[PDB]
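These notes concern the structure reproduced below.
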Amino acid sequence: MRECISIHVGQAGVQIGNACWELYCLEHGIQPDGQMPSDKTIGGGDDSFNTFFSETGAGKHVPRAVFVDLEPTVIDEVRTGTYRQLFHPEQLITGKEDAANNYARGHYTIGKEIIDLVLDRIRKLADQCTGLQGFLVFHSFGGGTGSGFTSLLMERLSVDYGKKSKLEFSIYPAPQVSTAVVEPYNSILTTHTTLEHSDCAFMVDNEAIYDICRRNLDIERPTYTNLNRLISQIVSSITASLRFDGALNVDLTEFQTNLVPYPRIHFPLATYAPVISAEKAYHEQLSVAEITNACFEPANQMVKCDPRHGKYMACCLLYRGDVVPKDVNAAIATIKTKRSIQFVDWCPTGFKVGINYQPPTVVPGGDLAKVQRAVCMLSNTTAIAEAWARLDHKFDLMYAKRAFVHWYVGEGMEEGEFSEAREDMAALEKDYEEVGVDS
Amino acid sequence: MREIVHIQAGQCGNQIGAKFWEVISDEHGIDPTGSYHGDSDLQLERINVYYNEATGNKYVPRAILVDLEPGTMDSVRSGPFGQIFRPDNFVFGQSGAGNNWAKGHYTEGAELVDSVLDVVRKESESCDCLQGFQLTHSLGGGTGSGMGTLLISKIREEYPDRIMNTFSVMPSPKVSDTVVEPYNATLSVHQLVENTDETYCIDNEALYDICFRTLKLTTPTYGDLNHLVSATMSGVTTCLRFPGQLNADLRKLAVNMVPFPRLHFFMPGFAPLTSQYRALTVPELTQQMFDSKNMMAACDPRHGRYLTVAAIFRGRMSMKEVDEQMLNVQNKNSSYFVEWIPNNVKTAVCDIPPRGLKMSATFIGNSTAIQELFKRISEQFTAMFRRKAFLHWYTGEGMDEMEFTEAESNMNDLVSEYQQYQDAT
Amino acid sequence: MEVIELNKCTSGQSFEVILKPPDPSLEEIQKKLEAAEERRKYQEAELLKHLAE
Amino acid sequence: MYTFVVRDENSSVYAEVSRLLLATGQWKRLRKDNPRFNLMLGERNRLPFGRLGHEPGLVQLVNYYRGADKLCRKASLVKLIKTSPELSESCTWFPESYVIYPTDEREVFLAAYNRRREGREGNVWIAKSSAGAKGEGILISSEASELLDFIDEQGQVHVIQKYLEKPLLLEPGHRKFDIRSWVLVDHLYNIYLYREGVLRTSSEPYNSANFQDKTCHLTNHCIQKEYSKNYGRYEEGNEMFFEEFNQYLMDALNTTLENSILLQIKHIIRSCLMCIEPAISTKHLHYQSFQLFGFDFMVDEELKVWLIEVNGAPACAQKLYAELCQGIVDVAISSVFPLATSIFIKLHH
Ligand SMILES: Nc1nc2c(ncn2[C@@H]2O[C@H](COP(=O)(O)OP(=O)(O)OP(=O)(O)O)[C@@H](O)[C@H]2O)c(=O)[nH]1
Ligand SMILES: Nc1ncnc2c1ncn2[C@@H]1O[C@H](COP(=O)(O)OP(=O)(O)CP(=O)(O)O)[C@@H](O)[C@H]1O
Ligand SMILES: Nc1nc2c(ncn2[C@@H]2O[C@H](COP(=O)(O)OP(=O)(O)O)[C@@H](O)[C@H]2O)c(=O)[nH]1
Ligand SMILES: COc1ccccc1NC(C)=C1C(=O)CC(c2ccccc2)CC1=O
Ligand SMILES: [Ca+2]
Ligand SMILES: [Ca+2]
Ligand SMILES: [Ca+2]
Ligand SMILES: [Ca+2]
Ligand SMILES: [Mg+2]
Ligand SMILES: [Mg+2]
Ligand SMILES: [Mg+2]
């Protein structure tokens, strides 16, 4: 057994983390007070769920998690929420005033004053680990904390834990649910600084989650609560292999081994199905073929893009529920004869498949109906570069006029970091093109 | 957490500031004696942004009242909600400022400014985490214009990393007290260019025209003008004072609204403005909000381009319909938004409507059309300064002509800077 | 269409199907953070000098 | 009101389409870089498909199908036909073609060429490339060495195709021609064949004993207007339209254009576009596409139709611009953005 430490940074990171740990407790049968009746080894053990939960002598199961925000209003909701008894006060770190959607303020000004404290609270969790795997980092691209302080933390984590793997869950900015305008700056700045320090990053575009909630859940105006509960389902399907018995993606290293042949190109596309409204009184349950086919519909992807016009480097299929290998292969065979699925020449055309027999767990009183089977597909396709091209174009529009740049320079950042970060994104876009497009 | 310190200076500044506190005290359920008598815990969730808690469940505005003569503040202390203010926060002299920026900024005001800063310091030290300052004043007189900008400079010296926003009443010859208002306004604008983060430009001619043409008030008073300002200030500050979508302090808000440091002069608007029991549809609210007749800077937005736009809707309404109508307005006016700041129109909804309305909308525009306002002031300034008319009132307080020449040049540069971003593609 | 590496447990199973074959040091971080803090200090000293004039 | 942007100023078709849209009083044209459009009349090269469909609350439509280039490049059309089972290597309406680089099919082309000279068959081939523009990179020869020496002389990817040595010749004149068909595919992937086509005719007598005189062999409008002395003699601009051509087939061969030729043309158009439908359909995408195609055909003396190439940014006949561009507005633009006896034939599937 090898432990994993989750780190939630900024509002988006904290609220999504709150949604995930709630779901983890439901999946593992852990009550809000931390007790777990099915766990017969009191105060210890090295079961699969112990990768995410430590155990006190009183039988409490404590998340291996740290929450950090530069202002306290979001983490105070964790301190007083349903699962307040789950966390120790030292796991919840709050500053006085936030980074004001300013990467430079989160990275340099405020980050310098709190980074040593965050590392000490993380070190305390690492000291309870007999064989730490590494870290899962949740944050937004657009926030000043989520972008600025995360990149500083990722730098220091590479210093203090050089051997450990680091995985990201990153919220890509969408104007539909944002009142900010500087998020393209913060996204490019944090991607540039974090790129060498992240081994595998799962980007979630709020635009995609928003439309899935509108279209499939019949929610006219999705809230962050709607979005986060759906995101936590996807996150749970990605981390389920670390928390349950299995043989696929059993440690963080396997994520890079299975999904990332080239280090800079470490942004796999996630696709999830089925998403069914709990209010839907009459629903016919979807087959293995139908949910697998839905994995190649752009409308179910975490980032809207067209994989038909890219190339695959790797594809992982993660099923939960009533699924047997025979039905998976029959579905894949049919999909090959109907879909544009092209791999690069230097990779095998194949699928790594994982099946967990426990069907998805849904929050009581949530928007999602329980289904008999679900699947999350993780594919490393060059089509996700469309999301970089969108972001870099918005960056280029504002930066040509130096709009808002004075806010970042005023926090001690130099203007050259903008163009250095943008040139790195230009090289990243070029890498995707060299891998995925013919002459 | 997220406390604001409010300052009101001079006659206009204190009369508008008093109305602001009357309006939001009613919205928060606070009676004239500072006691809470509301019916919703939503009224108290962010009450600390603007009020201090005194023992006895009393709420005291975090407000400082400044003037160089006692008259207007005597009226405030006698006014409707006069007893609600902290008596220690009335800071006043006896001389007056004679509608003279030099007296407010250099002579009479300089004698009083230190004691104002003492009260400011006392209110700041009791703040859990000071979010910033707001000042209400006019630019055409002596105290609000001259001493107000002196105060802003002293505050930036002592609190250099705190946001400073103003509600600034711009003079108009059609609603004028003295002929020297363009001198006072031009001297003040340069101070604001340097030392504020957001300045809401409220033109007295726009307020008058709204009262006359739209509200059908045959003979508007300053009181009628101030009703529009206090309602606008309430709407502008709604998302700080009530729970809702916006989780932003003043700095985050300024970061997203101000793309260039000197171009931070905002054009506010409000809807509805009716002369009355009829329900306003979301299309009606949105259309009137973007209509130049509902804005208060007397600038035609079709004469410039929007750098950033924010709109705040209040009341129970369809957020889906709000989104649809905002997209409809943007397409109708696609030419008037700069295309090099993506997604520069943002909206927020608050479920709590203002007094007497089931729904309302407040407009906050950062438009290059505001240059028309500075052009008007600059023309009126030059028309007198070319003949050095009325200057002896200022040179008699120690100023020389060079400081006027520099103020003129500074505002002409501000106008030039707006013109270059209106032609940028 | 070959299945390989089939592993089975009580919780589920996993396999692979093939269709066809084919850092900055601690001191350097401290240097950057302190360099930005000094640029903030220089800018603030210019503002305070401006206000002193 | 609807908004659109123009990003290809060299399009005669969409200059007229843009003109019609403005004249409706319900469409406003924005600057070419304003992203808040409903309709994009996009650029020919490197159209930024990845930025479409991400503007909140805007339904966005573009006049090009991403991935349709596979049909509209000579090298990739050969590859598509050879490797798609619905088209297959045994496809009967496409001439024997091979892709030649200066992967490559040099040895396989020589193999069939050797066998063709064994049985003394007609061994004439035409070498062409999509990079060579407007009658430049064409070479017709009956000896393979001259083709390949001309290919590697150029640095571009070429295709060698069997030259149709027995073309249908119009009389009088003993002259060659090709048929251009305009095909509109809307956002629902309905396939609309414009009822009006055009024949681009050679005004010189066909001479199979001299393939260097490329005026009686190449039916391009630019080649005939420049090199042929008899330009415009039989028909204005060497353009014969369907009514006359149909009357000719009735008078000369006792058959109709519909029976002898148009059934095959419809079959070919339908086969090509249905083949690439899964790769380019925008049915479940965050943006929608339509596109106008120019199919070019040849007819042999047995009244068999052969597909020559597909143009993805075709021009139109002068006298057909008004009707066709109105049809583009009707079924492709107003179908998605409605306003306040069809000229197309719907090829069903
Ligand atoms: N999906 C999702 N996105 C969120 C959530 N909260 C914020 N966001 C997105 O995150 C971006 C704003 O960044 P925040 O996370 O709120 O900012 P921050 O990390 O707290 O940093 P500060 O600027 O210091 O406040 C916007 O794009 C929001 O749409 C959330 O709970 N769920
Ligand atoms: N296999 C073949 N047999 C006989 N003639 C052929 C042929 N391939 C091409 N041609 C002749 O060459 C002419 C031009 O061919 P092609 O279409 O390759 O060039 P092009 O793409 O520049 C014209 P356009 O762009 O208008 O379609 C045709 O009009 C046709 O008459
Ligand atoms: N809207 C409004 N404007 C005012 C009011 N009182 C004065 N003004 C304007 O303010 C300017 C005069 O400044 P004033 O505040 O009276 O002088 P001060 O006491 O020295 O600050 C002129 O432009 C007046 O038109 C008021 O109550 N409301
Ligand atoms: C980007 O911010 C928004 C987006 C959508 C809708 C509304 C907003 N709010 C915006 C745009 C602001 C401000 O600038 C500052 C305002 C203010 C001004 C003076 C004193 C106190 C508070 C508060 C405020 O609410
Ligand atoms: Ca145990
Ligand atoms: Ca590392
Ligand atoms: Ca004195
Ligand atoms: Ca003193
Ligand atoms: Mg935050
Ligand atoms: Mg007065
Ligand atoms: Mg061509």
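Residue numbers start at 1 in each chain; chains themselves are named A, B, ... in the order of the structure tokens; ligands are numbered from 1 in the order shown.
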### Exercise: residue C:5 partners within 10 Å, only C-alpha atoms, chain neighbours under 4 positions left out, as a PyMOL selection string
(chain A and resi 247+352) or (chain C and resi 14-17)
### Task
Residues up to 8 Å from ligand 7, counting only C-alpha atoms and all ligand atoms: could you list those as a list in words?
residues 95, 108 and 111 of chain B
### Task
Identify, counting only C-alpha atoms and all ligand atoms, the protein, DNA and RNA residues located within 8 Å of ligand 2, and give them as an NGL selection string.
:D and (74 or 95 or 125-126 or 128-130 or 132-135 or 138 or 161-165 or 167 or 176-178 or 180 or 200 or 217-221 or 294-296 or 298 or 308-311 or 314)
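Set the cut-off at 10 Å, count only C-alpha atoms, and the residues of chain C near chain B turn out to be residues 44, 47, 48, 49, 50, 51 and 52 of chain C.
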### Task
Kindly determine which residues of chain B lie within 9 Å of chain D, considering only C-alpha atoms, and give the answer as a PyMOL selection string.
chain B and resi 323-324+327-328+330-332+334-335+339-340+342-343
### Task
With a cut-off of 6 Å and counting only C-alpha atoms, select all residues of chain A in contact with chain C and give the selection as a ChimeraX atom specification.
/A:108,345-357,411-413
### Query
When distances are computed from only C-alpha atoms, which of D:346, D:79, D:286, D:229 shows the smallest separation from chain A?
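The answer is D:286, which sits nearest to chain A.
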### Non-local contacts of residue B:137 (6 Å; only C-alpha atoms; under 4 positions in same chain excluded) as a ChimeraX atom specification
/B:9,12-13,144,168
### Task
Pull out every residue of chain B that has at least one atom within 7 Å of chain A, counting only C-alpha atoms, and report them as a list in words.
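So the residues of chain B near chain A are residues 129, 251, 252, 255, 256, 258, 259, 260, 319, 320, 340, 341, 342, 343, 344 and 346 of chain B.
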### Query
What are the DSSP helix (DSSP H, G or I) residues of stretch 141-256 of chain A, as number ranges by chain?
A: 144-160, 175-177, 183-197, 206-217, 224-243, 252-256
### Query
Can you tell me, as a ChimeraX atom specification, what residues are no more than 12 Å from residue D:267 when counting only C-alpha atoms, ignoring any on the same chain fewer than 6 positions away?
/D:87,92-93,191,193,261,273-274,305-307,347-349
Could you turn the residues from that selection into a file that holds N, CA and C atoms, as a short mmCIF file (atom, residue, chain, number, x, y, z; two decimals), in the first residue's frame?
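Written file, again_26.cif:
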data_model
loop_
_atom_site.label_atom_id
_atom_site.label_comp_id
_atom_site.auth_asym_id
_atom_site.auth_seq_id
_atom_site.Cartn_x
_atom_site.Cartn_y
_atom_site.Cartn_z
N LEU D 87 -15.24 2.50 -51.29
CA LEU D 87 -14.77 2.89 -52.61
C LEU D 87 -13.86 1.82 -53.21
N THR D 92 -14.93 1.54 -60.06
CA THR D 92 -15.07 1.50 -61.51
C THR D 92 -15.14 2.87 -62.17
N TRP D 93 -15.46 3.93 -61.42
CA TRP D 93 -15.65 5.24 -62.01
C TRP D 93 -14.49 6.19 -61.76
N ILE D 191 -27.31 16.30 -49.16
CA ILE D 191 -26.46 16.49 -50.33
C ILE D 191 -27.34 17.06 -51.44
N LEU D 193 -27.50 18.61 -55.17
CA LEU D 193 -26.87 18.80 -56.47
C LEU D 193 -27.58 19.94 -57.20
N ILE D 261 -25.74 10.12 -68.41
CA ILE D 261 -24.63 10.73 -67.68
C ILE D 261 -25.01 11.06 -66.24
N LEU D 273 -19.26 11.51 -50.87
CA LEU D 273 -19.62 12.28 -49.69
C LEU D 273 -20.11 11.39 -48.55
N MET D 274 -20.84 10.32 -48.88
CA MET D 274 -21.22 9.37 -47.84
C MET D 274 -20.00 8.67 -47.25
N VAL D 305 -19.12 7.75 -67.21
CA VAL D 305 -18.69 8.95 -66.50
C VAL D 305 -17.53 8.58 -65.58
N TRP D 306 -16.48 9.40 -65.60
CA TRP D 306 -15.31 9.22 -64.74
C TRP D 306 -15.12 10.46 -63.89
N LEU D 307 -14.90 10.27 -62.59
CA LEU D 307 -14.56 11.38 -61.71
C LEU D 307 -13.11 11.77 -61.92
N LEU D 347 -29.87 14.41 -53.14
CA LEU D 347 -29.38 13.04 -53.27
C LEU D 347 -29.55 12.36 -51.91
N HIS D 348 -30.50 11.44 -51.83
CA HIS D 348 -30.91 10.88 -50.55
C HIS D 348 -29.96 9.77 -50.09
N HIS D 349 -29.99 9.52 -48.78
CA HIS D 349 -29.17 8.48 -48.16
C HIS D 349 -29.60 8.24 -46.72
#
### Task
Tell me which protein, DNA and RNA residues are within 6 Å of stretch 146-163 of chain A, counting only C-alpha atoms, leaving out same-chain ones fewer than 4 positions away, and put them as a PyMOL selection string.
chain A and resi 9-10+103+106-107+111+139-141+186+190+193-194
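Of the residues in stretch 23-63 of chain A, those given strand (DSSP E) by DSSP on the backbone are residues 53, 54, 55, 61, 62 and 63 of chain A.
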Output file for the residues above (C-alpha atoms, as a PDB file, in the first residue's frame):
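Okay, selection-v8.pdb is ready:
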ATOM      1  CA  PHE A  53      -7.486   7.724   4.401  1.00  0.00           C
ATOM      2  CA  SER A  54      -5.373   7.436   7.523  1.00  0.00           C
ATOM      3  CA  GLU A  55      -6.781   5.929  10.708  1.00  0.00           C
ATOM      4  CA  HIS A  61     -10.727   7.601   8.869  1.00  0.00           C
ATOM      5  CA  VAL A  62      -9.053  10.909   8.009  1.00  0.00           C
ATOM      6  CA  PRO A  63      -8.512  12.104   4.411  1.00  0.00           C
TER       7      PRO A  63
END
### Message
Could you list, as a PyMOL selection string, all protein and nucleic acid residues with an atom at most 8 Å from ligand 10, counting only C-alpha atoms and all ligand atoms?
### Response
chain B and resi 10-12+99+141+177
### Query
For chain D, which residues have at least one atom within 8 Å of chain A, if we go by only C-alpha atoms? Write them as an MDAnalysis selection string, please.
chainID D and resid 50:51 56 67 278:279 284:286
### residue A:88 surroundings by only C-alpha atoms, 10 Å radius, close-in-sequence under 2 positions cut, as a ChimeraX atom specification
/A:62-63,65-66,79,84-86,90-92
Next, write the just-selected residues to a file, as a PDB file, in the first residue's frame, keeping N, CA, C and O atoms as the atom set.
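Everything below was put into again.pdb:
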ATOM      1  N   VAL A  62      -9.349   9.501   8.264  1.00  0.00           N
ATOM      2  CA  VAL A  62      -9.053  10.909   8.009  1.00  0.00           C
ATOM      3  C   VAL A  62      -8.496  11.039   6.596  1.00  0.00           C
ATOM      4  O   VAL A  62      -7.538  10.339   6.254  1.00  0.00           O
ATOM      5  N   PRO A  63      -9.058  11.910   5.759  1.00  0.00           N
ATOM      6  CA  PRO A  63      -8.512  12.104   4.411  1.00  0.00           C
ATOM      7  C   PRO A  63      -7.070  12.589   4.447  1.00  0.00           C
ATOM      8  O   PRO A  63      -6.704  13.449   5.251  1.00  0.00           O
ATOM      9  N   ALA A  65      -5.401  14.830   2.972  1.00  0.00           N
ATOM     10  CA  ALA A  65      -5.698  16.006   2.172  1.00  0.00           C
ATOM     11  C   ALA A  65      -5.299  17.279   2.904  1.00  0.00           C
ATOM     12  O   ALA A  65      -5.337  17.352   4.135  1.00  0.00           O
ATOM     13  N   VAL A  66      -4.902  18.279   2.120  1.00  0.00           N
ATOM     14  CA  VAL A  66      -4.645  19.633   2.600  1.00  0.00           C
ATOM     15  C   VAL A  66      -5.466  20.591   1.749  1.00  0.00           C
ATOM     16  O   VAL A  66      -5.473  20.475   0.517  1.00  0.00           O
ATOM     17  N   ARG A  79     -15.040  23.788   7.198  1.00  0.00           N
ATOM     18  CA  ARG A  79     -14.882  23.712   8.648  1.00  0.00           C
ATOM     19  C   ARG A  79     -16.220  23.511   9.348  1.00  0.00           C
ATOM     20  O   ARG A  79     -16.265  22.988  10.468  1.00  0.00           O
ATOM     21  N   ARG A  84     -17.284  18.093   8.553  1.00  0.00           N
ATOM     22  CA  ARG A  84     -16.329  18.871   9.334  1.00  0.00           C
ATOM     23  C   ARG A  84     -15.532  17.995  10.295  1.00  0.00           C
ATOM     24  O   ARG A  84     -14.354  18.270  10.546  1.00  0.00           O
ATOM     25  N   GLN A  85     -16.144  16.938  10.832  1.00  0.00           N
ATOM     26  CA  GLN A  85     -15.438  16.059  11.756  1.00  0.00           C
ATOM     27  C   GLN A  85     -14.391  15.205  11.059  1.00  0.00           C
ATOM     28  O   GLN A  85     -13.575  14.573  11.738  1.00  0.00           O
ATOM     29  N   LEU A  86     -14.393  15.183   9.726  1.00  0.00           N
ATOM     30  CA  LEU A  86     -13.439  14.364   8.988  1.00  0.00           C
ATOM     31  C   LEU A  86     -12.029  14.929   9.087  1.00  0.00           C
ATOM     32  O   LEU A  86     -11.060  14.171   9.211  1.00  0.00           O
ATOM     33  N   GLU A  90      -5.330  21.465  11.207  1.00  0.00           N
ATOM     34  CA  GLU A  90      -4.074  21.708  10.508  1.00  0.00           C
ATOM     35  C   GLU A  90      -4.135  21.349   9.026  1.00  0.00           C
ATOM     36  O   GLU A  90      -3.241  21.757   8.277  1.00  0.00           O
ATOM     37  N   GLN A  91      -5.156  20.606   8.588  1.00  0.00           N
ATOM     38  CA  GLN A  91      -5.344  20.303   7.173  1.00  0.00           C
ATOM     39  C   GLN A  91      -5.997  21.437   6.397  1.00  0.00           C
ATOM     40  O   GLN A  91      -6.050  21.369   5.165  1.00  0.00           O
ATOM     41  N   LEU A  92      -6.512  22.459   7.075  1.00  0.00           N
ATOM     42  CA  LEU A  92      -7.257  23.539   6.436  1.00  0.00           C
ATOM     43  C   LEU A  92      -6.495  24.836   6.670  1.00  0.00           C
ATOM     44  O   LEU A  92      -6.404  25.311   7.805  1.00  0.00           O
TER      45      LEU A  92
END
### Message
Here is a test: counting only C-alpha atoms and all ligand atoms, which residue of B:190, B:336, B:249, B:35 is nearest to ligand 1?
### Response
B:249
### Contacts of residue B:66 within 9 Å, only C-alpha atoms, excl. fewer than 3 positions in-chain, as a PyMOL selection string
chain B and resi 7-10+13-14+69+73+89-93+116+143-144+148
